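Everything on this sheet refers to the single structure shown next.
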Amino acid sequence: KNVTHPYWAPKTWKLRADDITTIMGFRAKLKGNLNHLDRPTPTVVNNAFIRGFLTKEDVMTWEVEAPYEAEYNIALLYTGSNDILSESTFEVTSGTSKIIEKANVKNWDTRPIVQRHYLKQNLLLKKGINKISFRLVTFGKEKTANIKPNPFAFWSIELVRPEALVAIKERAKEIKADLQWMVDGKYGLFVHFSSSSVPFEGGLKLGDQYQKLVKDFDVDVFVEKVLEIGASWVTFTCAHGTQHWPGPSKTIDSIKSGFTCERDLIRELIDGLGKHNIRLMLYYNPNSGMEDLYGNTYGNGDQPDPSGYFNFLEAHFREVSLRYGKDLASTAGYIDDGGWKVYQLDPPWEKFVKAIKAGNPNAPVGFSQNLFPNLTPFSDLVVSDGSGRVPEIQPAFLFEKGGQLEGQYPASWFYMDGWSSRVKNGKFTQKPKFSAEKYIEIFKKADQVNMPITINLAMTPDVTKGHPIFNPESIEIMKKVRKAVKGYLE
Ligand SMILES: C[C@@H]1O[C@H](O)[C@@H](O)[C@H](O)[C@@H]1O
Ligand SMILES: C[C@@H]1O[C@H](O)[C@@H](O)[C@H](O)[C@@H]1O
Ligand SMILES: C[C@@H]1O[C@H](O)[C@@H](O)[C@H](O)[C@@H]1O
Ligand SMILES: C[C@@H]1O[C@H](O)[C@@H](O)[C@H](O)[C@@H]1O
Ligand SMILES: C[C@@H]1O[C@H](O)[C@@H](O)[C@H](O)[C@@H]1O
Ligand SMILES: [Mg+2]
């Protein structure tokens with residue numbers, strides 16, 4: 001009863017013998033109870049999990065193509081009730097090769113919710129077409145809003161020759177970013193220049209008058225507020241809701257006109273913030289409005305092909321990174337939905353990372369991993385949407401060898417009042433979530449454990465002298481935060 005548009009349907013997967021190959025569960029043939037949410041169009045569907053592993057007949061089968069006979073290390077990504085996991089046994093088969101292994105219980109209280117399980121024994125694969133099957137052979141049950149169930153939910157399988165993994169990890173280690181400047185700066189400002197946002201003075205949402213509002217953006221007004229709250233960096237939102245880009249881009253323009261600006265606002269933000277040694281990183285969203293820029297990520301025509309889209313992302317990262325060089329701290333401080341959306345295309349993470357660092361070899365890579373474990377060994381920062389909640393403190397063993405987050409460094413991304421400003425009738429509708437004293441404790445804790453915080457204060461897309469661009473109550477709180485954390489202490 002499961003539905004997949006041809007671009008999402010099961011197909012034979014080419015193994016990349018020198019790389020980590022990832023294959024979503026819905027690329028397997030499913031039998032028995034196994035099911036997933038419908039995927040009826042070329043557009044990615046976040047909720048990709050396979051559910052219904054209830055009996056020994058509930059089995060999924062991929063078809064993969066190896067270039068030569070070799071042993072492959074298998075990782076599984078899954079989630080579910082610890083009650084269910086504590087009694088689930090996995091079985092991975094191909095040819096005569098068979099792996100049997102108990103599931104791992106999630107013994108941390110934080111994200112990641114999905115865990116990556118490296119199976120101890122390797123799977124031998126013959127040259128050419130191999131069928132690989134996954135099923136459970138022992139089963140648990142949930143025990144005592146406790147309404148929604150938490151079944152075993154399979155996300156993906158990952159295949160990598162053990163020798164390729166050592167070499168991959170070696171290279172990741174050699175280009176790992178040095179984040180001391182973020183720890184020393186303690187916190188920065190997330191600013192959403194959001195295409196859905198309506199200006200303080202009313203009128204068209206930023207998305208429908210993007211170039212005009214970029215041309216009228218008052219950098220000096222913006223920098224003085226950033227400076228006043230003591231931010232050490234700014235993460236600035238490119239392509240939030242549409243693919244509009246606040247500066248020149250040969251890469252974007254060669255796909256489709258109308259998204260770029262004559263004014264190089266990124267450069268002016270660099271220079272304006274640079275006068276006070278405040279650094280700039282870029283948020284970028286590779287999916288929102290992408291159907292109006294590139295089109296379907298898997299292209300047109302009868303069979304899915306992501307190389308055009310991959311080449312766009314790589315050429316875009318590369319052009320931005322080289323355009324600004326070391327003046328731009330990162331063209332990829334926050335790449336939205338790396339977990340929910342980007343991961344589902346089995347993308348070439350390393351090529352993206354090399355593009356990101358081409359102009360700035362220490363540029364931190366921050367793919368948003370959502371509730372998922374580390375997306376690629378070439379990550380630098382833990383990144384996900386903290387909403388307006390108190391920042392979680394992930395326990396240290398997550399970062400040790402074998403850990404879910406190994407190679408990453410802890411970091412928090414959350415908002416004081418909201419993400420996108422919702423100003424209506426000259427009044428901010430989004431108030432700070434907590435008292436000033438609670439934010440002070442939050443930043444003091446982040447500082448004591450050397451975890452950078454990037455806090456969003458909803459900003460009016462029309463940045464001018466005529467009106468507060470941030471909520472004055474929010475500014476007042478951050479001024480008290482600055483005093484308690486960055487001010488003269490005694
Ligand atoms: C054979 C596989 O086909 C898919 O469409 C791609 O997304 C994979 O990266 C690989 O090329
Ligand atoms: C730009 C925004 O990014 C988020 O990740 C999405 O979930 C929103 O709906 C919107 O697309
Ligand atoms: C067969 C598929 O149908 C869809 O409607 C199209 O958007 C795809 O690109 C492809 O042509
Ligand atoms: C702007 C540059 O960003 C890089 O990521 C940093 O490592 C450098 O110290 C410099 O500040
Ligand atoms: C940083 C946040 O990322 C999330 O994925 C989005 O849904 C929010 O709008 C915001 O942009
Ligand atoms: Mg510190």
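Labeling convention for the structure tokens: chains A, B, ... as they appear, residues from 1 per chain, ligands from 1 in order of appearance.
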
I'd like the contact shell of residue 482 (chain A) - 8 Å cut-off, only C-alpha atoms, skipping same-chain residues fewer than 5 positions apart - returned as an MDAnalysis selection string.
chainID A and resid 229:230 487

Same residues, N, CA and C atoms, saved as a CSV table (one decimal), in the first residue's frame:
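Everything below was put into selection-v3.csv:
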chain,number,residue,atom,x,y,z
A,229,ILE,N,24.7,44.6,21.9
A,229,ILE,CA,24.4,43.5,22.7
A,229,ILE,C,25.6,42.6,22.9
A,230,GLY,N,26.8,43.0,22.4
A,230,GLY,CA,28.0,42.2,22.6
A,230,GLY,C,28.2,41.0,21.8
A,487,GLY,N,30.9,41.7,30.7
A,487,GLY,CA,31.2,43.0,31.3
A,487,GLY,C,32.3,42.8,32.4

Within 9 Å of ligand 5, counting only C-alpha atoms and all ligand atoms, residues as a count of residues only:
25

Write down as a PDB file with N, CA and C atoms, in the first residue's frame the residues belonging to region 32-141 of chain A that are assigned strand (DSSP E or B) by DSSP computed on the backbone.
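Heads up, here's the output in part-v2.pdb:
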ATOM      1  N   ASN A  35       5.892  -0.323   6.341  1.00  0.00           N
ATOM      2  CA  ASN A  35       5.220   0.786   5.682  1.00  0.00           C
ATOM      3  C   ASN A  35       5.948   2.092   5.980  1.00  0.00           C
ATOM      4  N   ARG A  39       5.007   9.056  -0.600  1.00  0.00           N
ATOM      5  CA  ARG A  39       5.904  10.012  -1.248  1.00  0.00           C
ATOM      6  C   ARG A  39       5.446  10.139  -2.691  1.00  0.00           C
ATOM      7  N   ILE A  50      10.660   3.731   8.065  1.00  0.00           N
ATOM      8  CA  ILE A  50       9.959   2.470   7.857  1.00  0.00           C
ATOM      9  C   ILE A  50       9.480   1.949   9.211  1.00  0.00           C
ATOM     10  N   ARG A  51       8.194   1.611   9.306  1.00  0.00           N
ATOM     11  CA  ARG A  51       7.634   1.074  10.541  1.00  0.00           C
ATOM     12  C   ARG A  51       6.941  -0.249  10.257  1.00  0.00           C
ATOM     13  N   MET A  60      12.806  -6.119   4.750  1.00  0.00           N
ATOM     14  CA  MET A  60      13.083  -5.191   3.671  1.00  0.00           C
ATOM     15  C   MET A  60      14.338  -5.635   2.929  1.00  0.00           C
ATOM     16  N   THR A  61      14.368  -5.375   1.625  1.00  0.00           N
ATOM     17  CA  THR A  61      15.467  -5.841   0.790  1.00  0.00           C
ATOM     18  C   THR A  61      15.934  -4.742  -0.153  1.00  0.00           C
ATOM     19  N   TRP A  62      17.181  -4.308   0.006  1.00  0.00           N
ATOM     20  CA  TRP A  62      17.794  -3.407  -0.958  1.00  0.00           C
ATOM     21  C   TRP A  62      18.457  -4.213  -2.065  1.00  0.00           C
ATOM     22  N   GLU A  63      18.738  -3.539  -3.176  1.00  0.00           N
ATOM     23  CA  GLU A  63      19.598  -4.074  -4.227  1.00  0.00           C
ATOM     24  C   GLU A  63      20.735  -3.094  -4.434  1.00  0.00           C
ATOM     25  N   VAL A  64      21.965  -3.560  -4.248  1.00  0.00           N
ATOM     26  CA  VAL A  64      23.121  -2.684  -4.342  1.00  0.00           C
ATOM     27  C   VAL A  64      24.141  -3.278  -5.301  1.00  0.00           C
ATOM     28  N   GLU A  65      24.957  -2.389  -5.848  1.00  0.00           N
ATOM     29  CA  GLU A  65      25.943  -2.736  -6.855  1.00  0.00           C
ATOM     30  C   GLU A  65      27.325  -2.389  -6.333  1.00  0.00           C
ATOM     31  N   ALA A  66      28.120  -3.414  -6.052  1.00  0.00           N
ATOM     32  CA  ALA A  66      29.498  -3.272  -5.618  1.00  0.00           C
ATOM     33  C   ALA A  66      30.433  -3.321  -6.822  1.00  0.00           C
ATOM     34  N   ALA A  70      34.194  -7.289  -1.665  1.00  0.00           N
ATOM     35  CA  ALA A  70      34.905  -6.729  -0.522  1.00  0.00           C
ATOM     36  C   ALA A  70      34.008  -6.797   0.701  1.00  0.00           C
ATOM     37  N   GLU A  71      34.621  -6.676   1.875  1.00  0.00           N
ATOM     38  CA  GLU A  71      33.864  -6.608   3.114  1.00  0.00           C
ATOM     39  C   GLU A  71      33.402  -5.181   3.351  1.00  0.00           C
ATOM     40  N   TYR A  72      32.141  -5.040   3.751  1.00  0.00           N
ATOM     41  CA  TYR A  72      31.530  -3.742   3.994  1.00  0.00           C
ATOM     42  C   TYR A  72      31.054  -3.668   5.438  1.00  0.00           C
ATOM     43  N   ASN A  73      31.413  -2.582   6.117  1.00  0.00           N
ATOM     44  CA  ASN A  73      30.876  -2.287   7.436  1.00  0.00           C
ATOM     45  C   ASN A  73      29.467  -1.699   7.298  1.00  0.00           C
ATOM     46  N   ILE A  74      28.545  -2.165   8.133  1.00  0.00           N
ATOM     47  CA  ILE A  74      27.135  -1.784   8.057  1.00  0.00           C
ATOM     48  C   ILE A  74      26.814  -0.938   9.274  1.00  0.00           C
ATOM     49  N   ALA A  75      26.209   0.223   9.039  1.00  0.00           N
ATOM     50  CA  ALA A  75      25.614   1.025  10.092  1.00  0.00           C
ATOM     51  C   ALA A  75      24.120   1.131   9.832  1.00  0.00           C
ATOM     52  N   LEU A  76      23.345   1.076  10.908  1.00  0.00           N
ATOM     53  CA  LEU A  76      21.908   1.268  10.852  1.00  0.00           C
ATOM     54  C   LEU A  76      21.572   2.520  11.633  1.00  0.00           C
ATOM     55  N   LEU A  77      20.618   3.285  11.117  1.00  0.00           N
ATOM     56  CA  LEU A  77      20.081   4.451  11.796  1.00  0.00           C
ATOM     57  C   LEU A  77      18.601   4.187  12.059  1.00  0.00           C
ATOM     58  N   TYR A  78      18.199   4.283  13.323  1.00  0.00           N
ATOM     59  CA  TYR A  78      16.850   3.919  13.739  1.00  0.00           C
ATOM     60  C   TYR A  78      16.531   4.622  15.054  1.00  0.00           C
ATOM     61  N   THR A  79      15.279   4.485  15.480  1.00  0.00           N
ATOM     62  CA  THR A  79      14.831   5.031  16.749  1.00  0.00           C
ATOM     63  C   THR A  79      13.681   4.162  17.248  1.00  0.00           C
ATOM     64  N   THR A  89      16.340  -7.779  18.092  1.00  0.00           N
ATOM     65  CA  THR A  89      17.550  -8.321  17.495  1.00  0.00           C
ATOM     66  C   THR A  89      17.476  -8.126  15.993  1.00  0.00           C
ATOM     67  N   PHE A  90      18.536  -7.571  15.425  1.00  0.00           N
ATOM     68  CA  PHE A  90      18.620  -7.292  14.003  1.00  0.00           C
ATOM     69  C   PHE A  90      19.179  -8.490  13.255  1.00  0.00           C
ATOM     70  N   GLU A  91      18.793  -8.611  11.993  1.00  0.00           N
ATOM     71  CA  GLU A  91      19.429  -9.583  11.113  1.00  0.00           C
ATOM     72  C   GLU A  91      19.661  -8.922   9.763  1.00  0.00           C
ATOM     73  N   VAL A  92      20.929  -8.829   9.348  1.00  0.00           N
ATOM     74  CA  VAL A  92      21.297  -8.303   8.036  1.00  0.00           C
ATOM     75  C   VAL A  92      21.911  -9.433   7.223  1.00  0.00           C
ATOM     76  N   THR A  93      21.360  -9.687   6.036  1.00  0.00           N
ATOM     77  CA  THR A  93      21.799 -10.816   5.222  1.00  0.00           C
ATOM     78  C   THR A  93      22.109 -10.379   3.799  1.00  0.00           C
ATOM     79  N   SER A  94      23.097 -11.047   3.213  1.00  0.00           N
ATOM     80  CA  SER A  94      23.352 -11.000   1.778  1.00  0.00           C
ATOM     81  C   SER A  94      24.118 -12.266   1.412  1.00  0.00           C
ATOM     82  N   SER A  97      26.310 -14.370   3.764  1.00  0.00           N
ATOM     83  CA  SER A  97      26.790 -13.521   4.844  1.00  0.00           C
ATOM     84  C   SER A  97      25.613 -13.067   5.704  1.00  0.00           C
ATOM     85  N   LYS A  98      25.768 -13.162   7.025  1.00  0.00           N
ATOM     86  CA  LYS A  98      24.674 -12.909   7.957  1.00  0.00           C
ATOM     87  C   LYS A  98      25.210 -12.232   9.208  1.00  0.00           C
ATOM     88  N   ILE A  99      24.520 -11.191   9.659  1.00  0.00           N
ATOM     89  CA  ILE A  99      24.879 -10.453  10.864  1.00  0.00           C
ATOM     90  C   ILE A  99      23.692 -10.491  11.815  1.00  0.00           C
ATOM     91  N   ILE A 100      23.943 -10.867  13.060  1.00  0.00           N
ATOM     92  CA  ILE A 100      22.922 -10.886  14.102  1.00  0.00           C
ATOM     93  C   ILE A 100      23.429 -10.048  15.270  1.00  0.00           C
ATOM     94  N   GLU A 101      22.598  -9.124  15.758  1.00  0.00           N
ATOM     95  CA  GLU A 101      23.081  -8.193  16.772  1.00  0.00           C
ATOM     96  C   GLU A 101      21.906  -7.547  17.491  1.00  0.00           C
ATOM     97  N   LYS A 102      21.978  -7.510  18.823  1.00  0.00           N
ATOM     98  CA  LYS A 102      20.989  -6.804  19.628  1.00  0.00           C
ATOM     99  C   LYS A 102      21.014  -5.307  19.346  1.00  0.00           C
ATOM    100  N   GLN A 115      19.583   7.148  16.336  1.00  0.00           N
ATOM    101  CA  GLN A 115      20.957   6.760  16.625  1.00  0.00           C
ATOM    102  C   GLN A 115      21.531   5.953  15.471  1.00  0.00           C
ATOM    103  N   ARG A 116      22.844   6.043  15.312  1.00  0.00           N
ATOM    104  CA  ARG A 116      23.588   5.294  14.309  1.00  0.00           C
ATOM    105  C   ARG A 116      24.282   4.128  14.997  1.00  0.00           C
ATOM    106  N   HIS A 117      24.035   2.923  14.502  1.00  0.00           N
ATOM    107  CA  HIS A 117      24.507   1.681  15.104  1.00  0.00           C
ATOM    108  C   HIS A 117      25.453   1.020  14.111  1.00  0.00           C
ATOM    109  N   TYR A 118      26.753   1.071  14.409  1.00  0.00           N
ATOM    110  CA  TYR A 118      27.752   0.326  13.651  1.00  0.00           C
ATOM    111  C   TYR A 118      27.692  -1.137  14.068  1.00  0.00           C
ATOM    112  N   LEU A 123      29.828  -7.306   6.600  1.00  0.00           N
ATOM    113  CA  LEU A 123      29.033  -7.995   5.597  1.00  0.00           C
ATOM    114  C   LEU A 123      29.881  -8.147   4.344  1.00  0.00           C
ATOM    115  N   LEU A 124      30.090  -9.384   3.905  1.00  0.00           N
ATOM    116  CA  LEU A 124      30.795  -9.615   2.651  1.00  0.00           C
ATOM    117  C   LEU A 124      29.824  -9.423   1.496  1.00  0.00           C
ATOM    118  N   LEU A 125      30.280  -8.733   0.453  1.00  0.00           N
ATOM    119  CA  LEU A 125      29.462  -8.470  -0.724  1.00  0.00           C
ATOM    120  C   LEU A 125      30.214  -8.914  -1.968  1.00  0.00           C
ATOM    121  N   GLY A 128      29.153  -6.879  -8.213  1.00  0.00           N
ATOM    122  CA  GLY A 128      27.928  -6.691  -8.961  1.00  0.00           C
ATOM    123  C   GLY A 128      26.693  -6.602  -8.090  1.00  0.00           C
ATOM    124  N   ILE A 129      25.576  -7.139  -8.582  1.00  0.00           N
ATOM    125  CA  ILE A 129      24.283  -7.002  -7.919  1.00  0.00           C
ATOM    126  C   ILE A 129      24.251  -7.865  -6.665  1.00  0.00           C
ATOM    127  N   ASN A 130      23.972  -7.241  -5.529  1.00  0.00           N
ATOM    128  CA  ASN A 130      23.752  -7.945  -4.275  1.00  0.00           C
ATOM    129  C   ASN A 130      22.419  -7.507  -3.691  1.00  0.00           C
ATOM    130  N   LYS A 131      21.678  -8.469  -3.159  1.00  0.00           N
ATOM    131  CA  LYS A 131      20.492  -8.199  -2.366  1.00  0.00           C
ATOM    132  C   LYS A 131      20.852  -8.243  -0.887  1.00  0.00           C
ATOM    133  N   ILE A 132      20.507  -7.179  -0.162  1.00  0.00           N
ATOM    134  CA  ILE A 132      20.752  -7.084   1.271  1.00  0.00           C
ATOM    135  C   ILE A 132      19.420  -6.941   1.992  1.00  0.00           C
ATOM    136  N   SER A 133      19.181  -7.828   2.947  1.00  0.00           N
ATOM    137  CA  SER A 133      17.931  -7.900   3.677  1.00  0.00           C
ATOM    138  C   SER A 133      18.142  -7.494   5.123  1.00  0.00           C
ATOM    139  N   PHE A 134      17.144  -6.821   5.673  1.00  0.00           N
ATOM    140  CA  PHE A 134      17.116  -6.429   7.071  1.00  0.00           C
ATOM    141  C   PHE A 134      15.767  -6.807   7.649  1.00  0.00           C
ATOM    142  N   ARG A 135      15.784  -7.368   8.852  1.00  0.00           N
ATOM    143  CA  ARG A 135      14.565  -7.685   9.584  1.00  0.00           C
ATOM    144  C   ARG A 135      14.930  -7.816  11.048  1.00  0.00           C
ATOM    145  N   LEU A 136      13.907  -7.840  11.896  1.00  0.00           N
ATOM    146  CA  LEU A 136      14.066  -8.197  13.297  1.00  0.00           C
ATOM    147  C   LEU A 136      13.737  -9.669  13.478  1.00  0.00           C
ATOM    148  N   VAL A 137      14.446 -10.328  14.391  1.00  0.00           N
ATOM    149  CA  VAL A 137      14.185 -11.730  14.701  1.00  0.00           C
ATOM    150  C   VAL A 137      13.786 -11.944  16.151  1.00  0.00           C
ATOM    151  N   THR A 138      13.968 -10.951  17.018  1.00  0.00           N
ATOM    152  CA  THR A 138      13.323 -10.900  18.325  1.00  0.00           C
ATOM    153  C   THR A 138      12.695  -9.515  18.468  1.00  0.00           C
TER     154      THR A 138
END

Neighbouring residues of ligand 4 are defined here as those with any atom at most 7 Å from a ligand atom, counting only C-alpha atoms and all ligand atoms; list them as a list in words.
residues 178, 179, 181, 279, 326, 327, 328, 329, 330, 360, 362, 363 and 364 of chain A

Taking a cut-off of 12 Å and counting only C-alpha atoms and all ligand atoms, can you build a table that, for each residue of chain A near ligand 3, reports the nearest atom pair and how far apart they are in Å (one decimal), sorted by chain then residue number, as a Markdown table?
| residue | atom | partner | partner_atom_place_in_ligand_line | distance |
| --- | --- | --- | --- | --- |
| A:4 | CA | ligand 3 | 2 (C) | 11.3 |
| A:5 | CA | ligand 3 | 2 (C) | 7.5 |
| A:6 | CA | ligand 3 | 1 (C) | 6.5 |
| A:7 | CA | ligand 3 | 2 (C) | 7.2 |
| A:8 | CA | ligand 3 | 2 (C) | 10.5 |
| A:9 | CA | ligand 3 | 1 (C) | 11.4 |
| A:40 | CA | ligand 3 | 4 (C) | 9.6 |
| A:41 | CA | ligand 3 | 4 (C) | 6.9 |
| A:42 | CA | ligand 3 | 7 (O) | 6.2 |
| A:43 | CA | ligand 3 | 7 (O) | 9.0 |
| A:291 | CA | ligand 3 | 7 (O) | 10.0 |
| A:294 | CA | ligand 3 | 9 (O) | 11.6 |
| A:295 | CA | ligand 3 | 7 (O) | 8.5 |
| A:296 | CA | ligand 3 | 9 (O) | 6.5 |
| A:297 | CA | ligand 3 | 9 (O) | 9.1 |
| A:298 | CA | ligand 3 | 9 (O) | 7.4 |
| A:299 | CA | ligand 3 | 9 (O) | 5.6 |
| A:300 | CA | ligand 3 | 9 (O) | 3.3 |
| A:301 | CA | ligand 3 | 11 (O) | 4.4 |
| A:302 | CA | ligand 3 | 1 (C) | 4.7 |
| A:303 | CA | ligand 3 | 1 (C) | 7.3 |
| A:304 | CA | ligand 3 | 9 (O) | 8.0 |
| A:305 | CA | ligand 3 | 9 (O) | 9.8 |
| A:306 | CA | ligand 3 | 9 (O) | 11.4 |

Selected residue, from A:475, A:446, A:239, A:167, that lies nearest to ligand 6 when counting only C-alpha atoms and all ligand atoms:
A:446

Please identify the residues whose atoms come within 10 Å of ligand 6, using only C-alpha atoms and all ligand atoms, and report them as a list in words.
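Written in the requested form, the residues are residues 180, 182, 183, 184, 185, 186, 187, 443, 444, 445, 446, 447, 448, 449, 450, 451, 452 and 485 of chain A.
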
I need the chosen residues saved as a PDB file, in the first residue's frame, with N, CA, C and O atoms.
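Below you can see out13.pdb, which holds the result:
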ATOM      1  N   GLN A 180      38.213  27.826  18.372  1.00  0.00           N
ATOM      2  CA  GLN A 180      38.588  28.627  19.539  1.00  0.00           C
ATOM      3  C   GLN A 180      37.971  30.017  19.500  1.00  0.00           C
ATOM      4  O   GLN A 180      37.586  30.562  20.541  1.00  0.00           O
ATOM      5  N   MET A 182      35.107  30.922  18.346  1.00  0.00           N
ATOM      6  CA  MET A 182      33.713  30.876  18.776  1.00  0.00           C
ATOM      7  C   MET A 182      33.612  30.675  20.278  1.00  0.00           C
ATOM      8  O   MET A 182      32.761  31.286  20.927  1.00  0.00           O
ATOM      9  N   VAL A 183      34.453  29.805  20.844  1.00  0.00           N
ATOM     10  CA  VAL A 183      34.457  29.633  22.297  1.00  0.00           C
ATOM     11  C   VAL A 183      34.840  30.942  22.979  1.00  0.00           C
ATOM     12  O   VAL A 183      34.203  31.357  23.956  1.00  0.00           O
ATOM     13  N   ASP A 184      35.874  31.614  22.468  1.00  0.00           N
ATOM     14  CA  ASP A 184      36.326  32.865  23.077  1.00  0.00           C
ATOM     15  C   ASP A 184      35.249  33.943  22.985  1.00  0.00           C
ATOM     16  O   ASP A 184      34.998  34.658  23.963  1.00  0.00           O
ATOM     17  N   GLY A 185      34.566  34.032  21.834  1.00  0.00           N
ATOM     18  CA  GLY A 185      33.478  34.982  21.661  1.00  0.00           C
ATOM     19  C   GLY A 185      32.224  34.657  22.450  1.00  0.00           C
ATOM     20  O   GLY A 185      31.363  35.531  22.599  1.00  0.00           O
ATOM     21  N   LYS A 186      32.091  33.417  22.935  1.00  0.00           N
ATOM     22  CA  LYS A 186      30.996  33.001  23.817  1.00  0.00           C
ATOM     23  C   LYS A 186      29.637  32.954  23.116  1.00  0.00           C
ATOM     24  O   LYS A 186      28.993  31.893  23.098  1.00  0.00           O
ATOM     25  N   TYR A 187      29.174  34.068  22.539  1.00  0.00           N
ATOM     26  CA  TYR A 187      27.890  34.011  21.849  1.00  0.00           C
ATOM     27  C   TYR A 187      27.857  34.952  20.651  1.00  0.00           C
ATOM     28  O   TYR A 187      28.601  35.938  20.577  1.00  0.00           O
ATOM     29  N   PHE A 443      23.243  31.721  29.490  1.00  0.00           N
ATOM     30  CA  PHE A 443      24.515  32.109  28.893  1.00  0.00           C
ATOM     31  C   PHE A 443      25.683  31.833  29.826  1.00  0.00           C
ATOM     32  O   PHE A 443      26.772  31.492  29.361  1.00  0.00           O
ATOM     33  N   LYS A 444      25.479  31.970  31.139  1.00  0.00           N
ATOM     34  CA  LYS A 444      26.545  31.634  32.074  1.00  0.00           C
ATOM     35  C   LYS A 444      26.873  30.147  32.009  1.00  0.00           C
ATOM     36  O   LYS A 444      28.050  29.759  32.038  1.00  0.00           O
ATOM     37  N   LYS A 445      25.850  29.299  31.884  1.00  0.00           N
ATOM     38  CA  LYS A 445      26.110  27.870  31.750  1.00  0.00           C
ATOM     39  C   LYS A 445      26.849  27.569  30.451  1.00  0.00           C
ATOM     40  O   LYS A 445      27.836  26.828  30.449  1.00  0.00           O
ATOM     41  N   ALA A 446      26.379  28.126  29.330  1.00  0.00           N
ATOM     42  CA  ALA A 446      27.049  27.876  28.057  1.00  0.00           C
ATOM     43  C   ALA A 446      28.507  28.309  28.113  1.00  0.00           C
ATOM     44  O   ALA A 446      29.390  27.631  27.577  1.00  0.00           O
ATOM     45  N   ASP A 447      28.770  29.446  28.765  1.00  0.00           N
ATOM     46  CA  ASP A 447      30.128  29.949  28.882  1.00  0.00           C
ATOM     47  C   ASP A 447      30.991  29.005  29.725  1.00  0.00           C
ATOM     48  O   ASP A 447      32.117  28.665  29.343  1.00  0.00           O
ATOM     49  N   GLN A 448      30.463  28.546  30.869  1.00  0.00           N
ATOM     50  CA  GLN A 448      31.267  27.725  31.765  1.00  0.00           C
ATOM     51  C   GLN A 448      31.676  26.411  31.109  1.00  0.00           C
ATOM     52  O   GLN A 448      32.768  25.911  31.378  1.00  0.00           O
ATOM     53  N   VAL A 449      30.850  25.850  30.221  1.00  0.00           N
ATOM     54  CA  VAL A 449      31.232  24.624  29.523  1.00  0.00           C
ATOM     55  C   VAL A 449      31.717  24.892  28.094  1.00  0.00           C
ATOM     56  O   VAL A 449      31.841  23.957  27.304  1.00  0.00           O
ATOM     57  N   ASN A 450      32.002  26.147  27.747  1.00  0.00           N
ATOM     58  CA  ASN A 450      32.672  26.483  26.486  1.00  0.00           C
ATOM     59  C   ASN A 450      31.863  26.026  25.275  1.00  0.00           C
ATOM     60  O   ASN A 450      32.409  25.548  24.277  1.00  0.00           O
ATOM     61  N   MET A 451      30.548  26.195  25.359  1.00  0.00           N
ATOM     62  CA  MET A 451      29.643  25.876  24.268  1.00  0.00           C
ATOM     63  C   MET A 451      29.139  27.169  23.647  1.00  0.00           C
ATOM     64  O   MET A 451      28.457  27.951  24.330  1.00  0.00           O
ATOM     65  N   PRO A 452      29.447  27.446  22.384  1.00  0.00           N
ATOM     66  CA  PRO A 452      28.946  28.675  21.759  1.00  0.00           C
ATOM     67  C   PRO A 452      27.429  28.674  21.630  1.00  0.00           C
ATOM     68  O   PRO A 452      26.818  27.650  21.323  1.00  0.00           O
ATOM     69  N   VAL A 485      28.044  38.508  31.477  1.00  0.00           N
ATOM     70  CA  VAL A 485      28.924  37.527  30.862  1.00  0.00           C
ATOM     71  C   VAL A 485      30.170  38.172  30.260  1.00  0.00           C
ATOM     72  O   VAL A 485      31.271  37.630  30.381  1.00  0.00           O
TER      73      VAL A 485
END

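Ranking A:348, A:160, A:358, A:233 by their shortest atom-to-atom distance to ligand 1, with only C-alpha atoms and all ligand atoms included, puts A:348 first.
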
Computed interatomic separation between CA of residue 331 (chain A) and CA of residue 389 (chain A) (Å)
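So the answer is 26.4 Å.
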
Report as a ChimeraX atom specification: the residues of region 159-304 of chain A with a DSSP assignment of helix (DSSP H, G or I), based on the backbone of this structure.
/A:162-175,180-185,206-208,210-215,219-228,250-255,265-274,290-293
